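The file structure-v7.json comes next; it holds JSON, C-alpha atoms.
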[["chain", "number", "residue", "atom", "x", "y", "z"],
["A", 5, "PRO", "CA", 0.00, 0.00, 0.00],
["A", 6, "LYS", "CA", 2.41, 2.64, -1.28],
["A", 7, "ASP", "CA", -0.40, 5.15, -1.05],
["A", 8, "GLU", "CA", -0.39, 4.17, 2.59],
["A", 9, "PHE", "CA", 3.39, 4.34, 2.97],
["A", 10, "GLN", "CA", 3.70, 7.71, 1.21],
["A", 11, "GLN", "CA", 0.69, 9.15, 3.05],
["A", 12, "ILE", "CA", 1.88, 8.21, 6.52],
["A", 13, "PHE", "CA", 3.95, 10.95, 8.02],
["A", 14, "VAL", "CA", 5.78, 11.38, 11.29],
["A", 15, "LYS", "CA", 2.76, 13.17, 12.77],
["A", 16, "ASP", "CA", 0.53, 10.14, 12.12],
["A", 17, "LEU", "CA", 2.78, 7.71, 14.00],
["A", 18, "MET", "CA", 4.07, 9.90, 16.82],
["A", 19, "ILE", "CA", 3.01, 9.94, 20.42],
["A", 20, "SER", "CA", 1.73, 13.46, 21.01],
["A", 21, "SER", "CA", 3.79, 15.78, 23.23],
["A", 22, "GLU", "CA", 1.04, 16.15, 25.81],
["A", 23, "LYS", "CA", 1.44, 12.44, 26.66],
["A", 24, "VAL", "CA", 5.23, 12.77, 27.11],
["A", 25, "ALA", "CA", 6.98, 13.89, 30.28],
["A", 26, "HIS", "CA", 9.79, 16.51, 29.98],
["A", 27, "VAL", "CA", 12.31, 18.46, 32.06],
["A", 28, "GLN", "CA", 14.30, 21.75, 31.67],
["A", 29, "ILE", "CA", 18.12, 22.26, 31.50],
["A", 30, "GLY", "CA", 18.40, 23.60, 35.04],
["A", 31, "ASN", "CA", 16.39, 20.81, 36.67],
["A", 32, "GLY", "CA", 18.29, 18.64, 39.21],
["A", 33, "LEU", "CA", 19.12, 15.05, 38.26],
["A", 34, "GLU", "CA", 17.13, 13.68, 41.25],
["A", 35, "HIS", "CA", 14.11, 15.53, 39.80],
["A", 36, "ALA", "CA", 14.84, 14.28, 36.30],
["A", 37, "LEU", "CA", 15.42, 10.66, 37.36],
["A", 38, "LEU", "CA", 12.17, 10.65, 39.31],
["A", 39, "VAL", "CA", 10.24, 12.05, 36.34],
["A", 40, "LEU", "CA", 11.81, 9.33, 34.11],
["A", 41, "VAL", "CA", 10.95, 6.55, 36.51],
["A", 42, "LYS", "CA", 7.47, 7.82, 37.37],
["A", 43, "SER", "CA", 6.56, 8.30, 33.71],
["A", 44, "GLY", "CA", 7.83, 4.91, 32.55],
["A", 45, "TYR", "CA", 9.80, 6.51, 29.70],
["A", 46, "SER", "CA", 13.44, 5.48, 29.35],
["A", 47, "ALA", "CA", 14.10, 8.86, 27.85],
["A", 48, "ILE", "CA", 12.41, 12.27, 27.82],
["A", 49, "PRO", "CA", 12.96, 15.56, 26.02],
["A", 50, "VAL", "CA", 14.71, 18.51, 27.60],
["A", 51, "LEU", "CA", 12.69, 21.66, 26.71],
["A", 52, "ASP", "CA", 13.14, 25.40, 27.18],
["A", 53, "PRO", "CA", 10.47, 27.71, 28.52],
["A", 54, "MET", "CA", 9.06, 28.12, 25.02],
["A", 55, "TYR", "CA", 8.62, 24.38, 24.76],
["A", 56, "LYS", "CA", 11.46, 24.17, 22.22],
["A", 57, "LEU", "CA", 13.59, 21.04, 22.08],
["A", 58, "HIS", "CA", 17.15, 21.25, 23.52],
["A", 59, "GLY", "CA", 18.07, 17.64, 23.88],
["A", 60, "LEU", "CA", 17.12, 14.30, 25.37],
["A", 61, "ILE", "CA", 17.89, 12.81, 28.78],
["A", 62, "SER", "CA", 17.69, 9.09, 29.55],
["A", 63, "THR", "CA", 18.01, 6.95, 32.66],
["A", 64, "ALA", "CA", 21.10, 5.50, 31.02],
["A", 65, "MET", "CA", 22.65, 9.04, 30.69],
["A", 66, "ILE", "CA", 21.90, 9.75, 34.32],
["A", 67, "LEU", "CA", 23.33, 6.51, 35.72],
["A", 68, "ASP", "CA", 26.41, 6.78, 33.39],
["A", 69, "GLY", "CA", 26.89, 10.23, 34.85],
["A", 70, "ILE", "CA", 27.28, 8.78, 38.33],
["A", 71, "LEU", "CA", 29.14, 5.58, 37.41],
["A", 72, "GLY", "CA", 31.86, 5.10, 40.03],
["A", 73, "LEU", "CA", 34.61, 2.49, 40.04],
["A", 74, "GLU", "CA", 32.85, 0.30, 42.61],
["A", 75, "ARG", "CA", 29.26, 1.54, 42.76],
["A", 76, "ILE", "CA", 26.67, 3.78, 41.15],
["A", 77, "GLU", "CA", 27.31, 7.02, 43.07],
["A", 78, "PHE", "CA", 23.74, 8.17, 43.73],
["A", 79, "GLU", "CA", 24.75, 10.73, 46.37],
["A", 80, "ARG", "CA", 26.11, 12.75, 43.47],
["A", 81, "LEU", "CA", 22.69, 13.31, 41.94],
["A", 82, "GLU", "CA", 21.77, 15.99, 44.46],
["A", 83, "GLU", "CA", 24.60, 18.18, 43.08],
["A", 84, "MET", "CA", 23.96, 17.71, 39.34],
["A", 85, "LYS", "CA", 21.73, 19.18, 36.72],
["A", 86, "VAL", "CA", 20.12, 17.90, 33.51],
["A", 87, "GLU", "CA", 22.51, 20.05, 31.44],
["A", 88, "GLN", "CA", 25.50, 17.97, 32.62],
["A", 89, "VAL", "CA", 24.34, 14.65, 31.12],
["A", 90, "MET", "CA", 21.78, 15.37, 28.38],
["A", 91, "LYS", "CA", 22.47, 14.56, 24.69],
["A", 92, "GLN", "CA", 22.20, 17.57, 22.37],
["A", 93, "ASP", "CA", 23.05, 15.77, 19.09],
["A", 94, "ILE", "CA", 19.82, 13.84, 18.83],
["A", 95, "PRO", "CA", 17.49, 12.44, 16.14],
["A", 96, "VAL", "CA", 14.73, 14.92, 15.18],
["A", 97, "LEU", "CA", 12.03, 14.69, 12.50],
["A", 98, "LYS", "CA", 9.45, 17.23, 11.30],
["A", 99, "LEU", "CA", 5.74, 16.45, 11.48],
["A", 100, "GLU", "CA", 5.61, 16.08, 7.70],
["A", 101, "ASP", "CA", 8.65, 13.80, 7.34],
["A", 102, "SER", "CA", 8.04, 10.47, 5.57],
["A", 103, "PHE", "CA", 7.55, 6.99, 6.96],
["A", 104, "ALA", "CA", 10.64, 5.97, 4.99],
["A", 105, "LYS", "CA", 12.74, 8.61, 6.74],
["A", 106, "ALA", "CA", 11.51, 7.55, 10.19],
["A", 107, "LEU", "CA", 11.97, 3.83, 9.57],
["A", 108, "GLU", "CA", 15.56, 4.48, 8.58],
["A", 109, "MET", "CA", 16.20, 6.76, 11.58],
["A", 110, "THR", "CA", 14.76, 4.18, 14.02],
["A", 111, "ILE", "CA", 17.41, 1.57, 13.12],
["A", 112, "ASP", "CA", 19.96, 3.34, 15.39],
["A", 113, "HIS", "CA", 17.65, 5.58, 17.45],
["A", 114, "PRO", "CA", 15.03, 3.94, 19.72],
["A", 115, "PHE", "CA", 13.29, 7.23, 19.76],
["A", 116, "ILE", "CA", 13.13, 10.34, 17.88],
["A", 117, "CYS", "CA", 11.66, 13.67, 18.68],
["A", 118, "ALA", "CA", 9.25, 15.38, 16.34],
["A", 119, "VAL", "CA", 9.31, 19.17, 16.10],
["A", 120, "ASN", "CA", 7.34, 21.67, 14.04],
["A", 121, "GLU", "CA", 8.71, 24.27, 11.65],
["A", 122, "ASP", "CA", 9.72, 26.49, 14.61],
["A", 123, "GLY", "CA", 11.42, 23.82, 16.73],
["A", 124, "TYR", "CA", 8.57, 23.44, 19.18],
["A", 125, "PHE", "CA", 8.46, 19.91, 20.55],
["A", 126, "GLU", "CA", 5.44, 18.05, 19.05],
["A", 127, "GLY", "CA", 5.85, 14.44, 20.08],
["A", 128, "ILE", "CA", 8.06, 11.35, 19.99],
["A", 129, "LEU", "CA", 8.25, 8.56, 17.43],
["A", 130, "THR", "CA", 9.12, 5.12, 18.79],
["A", 131, "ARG", "CA", 10.31, 1.94, 17.23],
["A", 132, "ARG", "CA", 7.13, 0.15, 18.22],
["A", 133, "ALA", "CA", 4.98, 2.36, 16.02],
["A", 134, "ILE", "CA", 7.21, 1.67, 13.00],
["A", 135, "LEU", "CA", 7.24, -2.07, 13.74],
["A", 136, "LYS", "CA", 3.54, -2.31, 14.42],
["A", 137, "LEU", "CA", 2.91, -0.79, 11.00],
["A", 138, "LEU", "CA", 5.49, -3.04, 9.33],
["A", 139, "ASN", "CA", 4.24, -6.19, 11.05],
["A", 140, "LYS", "CA", 0.71, -6.16, 9.64],
["A", 141, "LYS", "CA", 1.64, -4.99, 6.14],
["A", 142, "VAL", "CA", 4.46, -7.43, 5.30],
["B", 5, "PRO", "CA", 13.04, -12.51, -0.85],
["B", 6, "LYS", "CA", 10.75, -15.04, 0.81],
["B", 7, "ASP", "CA", 13.56, -17.56, 0.58],
["B", 8, "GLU", "CA", 15.41, -15.02, 2.66],
["B", 9, "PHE", "CA", 12.54, -14.43, 5.10],
["B", 10, "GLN", "CA", 11.82, -18.13, 5.59],
["B", 11, "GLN", "CA", 15.53, -19.00, 5.87],
["B", 12, "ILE", "CA", 16.32, -16.41, 8.51],
["B", 13, "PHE", "CA", 15.87, -17.80, 11.95],
["B", 14, "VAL", "CA", 16.23, -16.40, 15.44],
["B", 15, "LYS", "CA", 19.80, -17.73, 15.62],
["B", 16, "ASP", "CA", 20.81, -15.71, 12.55],
["B", 17, "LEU", "CA", 19.63, -12.39, 13.98],
["B", 18, "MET", "CA", 20.46, -12.81, 17.66],
["B", 19, "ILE", "CA", 23.33, -11.35, 19.60],
["B", 20, "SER", "CA", 25.23, -14.34, 20.92],
["B", 21, "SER", "CA", 25.11, -15.05, 24.67],
["B", 22, "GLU", "CA", 28.84, -14.59, 25.12],
["B", 23, "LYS", "CA", 28.43, -10.89, 24.22],
["B", 24, "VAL", "CA", 25.62, -10.41, 26.77],
["B", 25, "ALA", "CA", 26.10, -9.67, 30.47],
["B", 26, "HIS", "CA", 24.02, -11.67, 33.00],
["B", 27, "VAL", "CA", 23.39, -12.05, 36.75],
["B", 28, "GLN", "CA", 22.04, -14.81, 39.09],
["B", 29, "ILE", "CA", 18.88, -14.76, 41.31],
["B", 30, "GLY", "CA", 20.81, -14.25, 44.54],
["B", 31, "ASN", "CA", 22.94, -11.37, 43.28],
["B", 32, "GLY", "CA", 22.46, -8.01, 45.09],
["B", 33, "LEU", "CA", 20.71, -5.18, 43.24],
["B", 34, "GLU", "CA", 23.79, -2.91, 43.59],
["B", 35, "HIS", "CA", 25.74, -5.64, 41.77],
["B", 36, "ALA", "CA", 23.02, -6.05, 39.16],
["B", 37, "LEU", "CA", 22.59, -2.31, 38.55],
["B", 38, "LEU", "CA", 26.33, -1.90, 38.11],
["B", 39, "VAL", "CA", 26.48, -4.78, 35.62],
["B", 40, "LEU", "CA", 23.56, -3.19, 33.68],
["B", 41, "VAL", "CA", 25.17, 0.22, 33.60],
["B", 42, "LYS", "CA", 28.70, -1.02, 32.86],
["B", 43, "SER", "CA", 27.50, -3.26, 30.04],
["B", 44, "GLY", "CA", 25.31, -0.63, 28.37],
["B", 45, "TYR", "CA", 22.36, -3.06, 28.21],
["B", 46, "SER", "CA", 19.02, -1.77, 29.50],
["B", 47, "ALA", "CA", 18.16, -5.32, 30.38],
["B", 48, "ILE", "CA", 20.05, -8.57, 31.00],
["B", 49, "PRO", "CA", 19.09, -12.19, 31.57],
["B", 50, "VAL", "CA", 18.97, -13.78, 34.99],
["B", 51, "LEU", "CA", 20.61, -17.26, 34.70],
["B", 52, "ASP", "CA", 21.06, -20.24, 37.00],
["B", 53, "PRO", "CA", 24.34, -22.05, 37.53],
["B", 54, "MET", "CA", 23.63, -24.23, 34.50],
["B", 55, "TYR", "CA", 23.28, -21.13, 32.36],
["B", 56, "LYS", "CA", 19.52, -21.70, 32.06],
["B", 57, "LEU", "CA", 17.22, -18.71, 31.70],
["B", 58, "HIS", "CA", 15.13, -17.70, 34.76],
["B", 59, "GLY", "CA", 14.03, -14.23, 33.85],
["B", 60, "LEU", "CA", 15.13, -10.76, 32.82],
["B", 61, "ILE", "CA", 16.16, -7.78, 34.93],
["B", 62, "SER", "CA", 16.19, -4.19, 33.65],
["B", 63, "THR", "CA", 17.32, -0.85, 35.00],
["B", 64, "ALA", "CA", 13.66, 0.13, 34.90],
["B", 65, "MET", "CA", 12.73, -2.89, 37.16],
["B", 66, "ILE", "CA", 15.46, -1.95, 39.59],
["B", 67, "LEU", "CA", 14.58, 1.74, 39.86],
["B", 68, "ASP", "CA", 10.80, 0.90, 40.06],
["B", 69, "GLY", "CA", 11.73, -1.38, 42.93],
["B", 70, "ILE", "CA", 13.11, 1.56, 44.90],
["B", 71, "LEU", "CA", 10.60, 4.22, 43.81],
["B", 72, "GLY", "CA", 9.74, 6.24, 46.91],
["B", 73, "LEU", "CA", 7.10, 8.94, 47.24],
["B", 74, "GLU", "CA", 9.64, 11.78, 47.05],
["B", 75, "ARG", "CA", 12.84, 10.23, 45.74],
["B", 76, "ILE", "CA", 14.42, 7.14, 44.22],
["B", 77, "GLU", "CA", 15.44, 5.28, 47.40],
["B", 78, "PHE", "CA", 18.91, 4.05, 46.42],
["B", 79, "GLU", "CA", 19.92, 3.18, 49.99],
["B", 80, "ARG", "CA", 17.51, 0.27, 49.66],
["B", 81, "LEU", "CA", 19.55, -1.43, 46.96],
["B", 82, "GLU", "CA", 22.09, -2.76, 49.44],
["B", 83, "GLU", "CA", 19.34, -4.88, 51.05],
["B", 84, "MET", "CA", 17.74, -6.29, 47.89],
["B", 85, "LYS", "CA", 18.34, -9.12, 45.51],
["B", 86, "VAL", "CA", 17.70, -9.72, 41.80],
["B", 87, "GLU", "CA", 14.92, -12.19, 42.67],
["B", 88, "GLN", "CA", 12.80, -9.38, 44.18],
["B", 89, "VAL", "CA", 12.43, -7.34, 40.97],
["B", 90, "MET", "CA", 13.13, -9.62, 37.99],
["B", 91, "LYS", "CA", 10.41, -10.50, 35.43],
["B", 92, "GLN", "CA", 9.80, -14.25, 35.05],
["B", 93, "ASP", "CA", 7.02, -14.05, 32.40],
["B", 94, "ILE", "CA", 9.24, -12.97, 29.56],
["B", 95, "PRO", "CA", 9.45, -13.33, 25.76],
["B", 96, "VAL", "CA", 11.56, -16.36, 24.71],
["B", 97, "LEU", "CA", 12.26, -17.80, 21.25],
["B", 98, "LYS", "CA", 14.10, -20.96, 20.16],
["B", 99, "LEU", "CA", 17.13, -20.74, 17.88],
["B", 100, "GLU", "CA", 15.09, -22.19, 15.02],
["B", 101, "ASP", "CA", 12.06, -19.90, 15.38],
["B", 102, "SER", "CA", 11.08, -17.90, 12.29],
["B", 103, "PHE", "CA", 11.74, -14.29, 11.38],
["B", 104, "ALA", "CA", 7.96, -13.83, 11.24],
["B", 105, "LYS", "CA", 7.60, -15.03, 14.84],
["B", 106, "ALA", "CA", 10.35, -12.70, 16.07],
["B", 107, "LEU", "CA", 9.07, -9.65, 14.18],
["B", 108, "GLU", "CA", 5.67, -10.14, 15.77],
["B", 109, "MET", "CA", 7.15, -10.66, 19.26],
["B", 110, "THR", "CA", 9.29, -7.50, 18.97],
["B", 111, "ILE", "CA", 6.22, -5.23, 18.60],
["B", 112, "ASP", "CA", 5.65, -5.35, 22.41],
["B", 113, "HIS", "CA", 9.02, -6.70, 23.60],
["B", 114, "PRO", "CA", 12.17, -4.62, 22.98],
["B", 115, "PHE", "CA", 14.12, -7.74, 23.56],
["B", 116, "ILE", "CA", 13.68, -11.35, 23.59],
["B", 117, "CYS", "CA", 15.82, -14.11, 24.88],
["B", 118, "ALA", "CA", 16.77, -17.04, 22.70],
["B", 119, "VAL", "CA", 17.15, -20.46, 24.32],
["B", 120, "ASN", "CA", 18.00, -23.90, 22.95],
["B", 121, "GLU", "CA", 15.95, -27.07, 23.24],
["B", 122, "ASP", "CA", 17.09, -27.49, 26.88],
["B", 123, "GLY", "CA", 16.47, -23.93, 28.06],
["B", 124, "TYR", "CA", 20.10, -22.90, 28.02],
["B", 125, "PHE", "CA", 20.41, -19.19, 27.28],
["B", 126, "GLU", "CA", 21.79, -18.71, 23.71],
["B", 127, "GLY", "CA", 21.48, -15.01, 23.00],
["B", 128, "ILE", "CA", 19.16, -12.02, 22.73],
["B", 129, "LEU", "CA", 17.17, -10.73, 19.77],
["B", 130, "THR", "CA", 16.68, -6.96, 19.61],
["B", 131, "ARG", "CA", 14.38, -4.72, 17.72],
["B", 132, "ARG", "CA", 17.26, -3.18, 15.82],
["B", 133, "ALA", "CA", 18.14, -6.45, 14.13],
["B", 134, "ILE", "CA", 14.54, -6.89, 12.94],
["B", 135, "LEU", "CA", 14.37, -3.28, 11.75],
["B", 136, "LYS", "CA", 17.74, -3.31, 10.07],
["B", 137, "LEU", "CA", 16.60, -6.31, 8.04],
["B", 138, "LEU", "CA", 13.22, -4.72, 7.27],
["B", 139, "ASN", "CA", 14.73, -1.36, 6.33],
["B", 140, "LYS", "CA", 16.84, -2.57, 3.41],
["B", 141, "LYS", "CA", 14.33, -5.06, 2.03],
["B", 142, "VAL", "CA", 11.19, -2.90, 1.88]]
Encoded form (structure tokens):
Amino acid sequence: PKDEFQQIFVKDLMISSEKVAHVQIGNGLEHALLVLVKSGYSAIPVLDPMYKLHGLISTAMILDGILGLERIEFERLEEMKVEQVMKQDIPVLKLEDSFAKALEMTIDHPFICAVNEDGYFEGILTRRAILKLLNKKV
Amino acid sequence: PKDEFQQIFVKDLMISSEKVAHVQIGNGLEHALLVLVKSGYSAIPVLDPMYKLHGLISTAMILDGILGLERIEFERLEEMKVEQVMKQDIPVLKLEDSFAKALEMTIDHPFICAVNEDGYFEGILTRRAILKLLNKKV
């Protein structure tokens, strides 16, 4: 169904931004880690006050940030901020980007942020959505 | 390439077990969380002394296990074991299972353990491998 494939855009597959937790660059890592755990997301966007996308922060990035020689150094979280561990060079698609473009991006990126023309955060596009679509069709 | 699809089995796509970190049911959660973080896996198998698969443990399961009202309660990890948070009802495929069966399983399970006839752990099958294969072909 190439009509289907070529008429399915990023916006049709994405989870909308209102269903996605976020933090800001100056939030503490204890705050961020709690938001991650409470939300059940393994990663969440870092946004500015205009709800523009700055980067992503994951539970992996947080724990790597406190990886000691002999233990995960959780006492350090109280002193750290989101800015110190977030990833700025992240996968981003526009609402109108193609299914083809997303499928390709999802090979190395478990999730991808969608933004509009003006860089406002609009949602996230997961591997599951691509796979769920591919599963039935094939 | 249906010859391709029907001649690609779980064993052809999986990451072999020697490249995958593991723990045992009586390991401490500080030990398990360090192994998870150090390995870069978001989940790892829990094995018995015969290298048979008992369950999976993820960083999510660990942190959920110490989720307090106001903070992630890391001081609790010292007192807990892998058995208290692991998932026993997990996705498992045999080495000879089909690509079709794996693709379908990966829609809801980001990773799936492969076992042999006798339940020995043999490897893990990720979403990326399914997607990487699907990306080129389609």
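Taking CA of residue 31 in chain B and CA of residue 63 in chain B as endpoints, the distance between them is 14.5 Å.
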Item to check | Residue neighbourhood residue 32 in chain B, 9 Å, all atoms listed in the file, exclusion window fewer than 6 positions, as number ranges by chain | outcome: B: 81-87
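The smallest atom-to-atom distance between chain A and any of B:138, B:25, B:129, B:48, using all atoms listed in the file, is found for B:138.
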Residues near residue 140 in chain B, anyone? I mean within 12 Å using only C-alpha atoms, not counting same-chain ones fewer than 5 positions away, as a compact mmCIF listing (two decimals) with C-alpha atoms, keeping the file's coordinate frame.
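Saved file around_18.txt follows:
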# COMPACT_ATOMS: atom_id res chain seq x y z
CA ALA A 104 10.64 5.97 4.99
CA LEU A 107 11.97 3.83 9.57
CA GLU A 108 15.56 4.48 8.58
CA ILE A 111 17.41 1.57 13.12
CA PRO B 5 13.04 -12.51 -0.85
CA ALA B 133 18.14 -6.45 14.13
CA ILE B 134 14.54 -6.89 12.94
CA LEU B 135 14.37 -3.28 11.75
Residues of chain B within 7 Å of chain A, all atoms listed in the file counted, as a compact mmCIF listing (two decimals) with C-alpha atoms, keeping the file's coordinate frame:
# COMPACT_ATOMS: atom_id res chain seq x y z
CA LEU B 38 26.33 -1.90 38.11
CA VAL B 41 25.17 0.22 33.60
CA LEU B 67 14.58 1.74 39.86
CA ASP B 68 10.80 0.90 40.06
CA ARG B 75 12.84 10.23 45.74
CA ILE B 76 14.42 7.14 44.22
CA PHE B 78 18.91 4.05 46.42
CA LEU B 107 9.07 -9.65 14.18
CA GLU B 108 5.67 -10.14 15.77
CA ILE B 111 6.22 -5.23 18.60
CA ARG B 132 17.26 -3.18 15.82
CA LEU B 135 14.37 -3.28 11.75
CA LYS B 136 17.74 -3.31 10.07
CA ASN B 139 14.73 -1.36 6.33
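Comparing the minimum interatomic distances between residue 15 in chain B and each of B:29, B:99, B:36, B:118, counting all atoms listed in the file, we find that B:99 sits nearest.
Of note, CA of residue 19 in chain B and CA of residue 126 in chain B are spaced 8.6 Å apart.
If you count only C-alpha atoms and ignore residues fewer than 5 places along the chain from residue 22 in chain A, what sits within 12 Å of it is residues 49, 55, 125, 126, 127 and 128 of chain A.
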Item to check | Selection: 8 Å around residue 66 in chain A, all atoms listed in the file, excl. self and same-chain fewer than 4 positions, as a ChimeraX atom specification | outcome: /A:33,37,61-62,70,89
Checklist entry - Contacts of residue 97 in chain A at 8 Å or less, counting only C-alpha atoms, minus same-chain residues fewer than 5 places along, as a PyMOL selection string? => result chain A and resi 14+106+116-119
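The interatomic distance for the pair CA of residue 94 in chain A and CA of residue 20 in chain B works out to 28.8 Å.
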Next on the checklist: Taking only C-alpha atoms into account, name the residue in A:123, A:69, A:53, A:30 that is nearest to residue 96 in chain A.
Outcome noted: A:123
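Between residue 57 in chain B and the residues B:141, B:95, B:80, B:88, the shortest atom-to-atom distance, using all atoms listed in the file, involves B:95.
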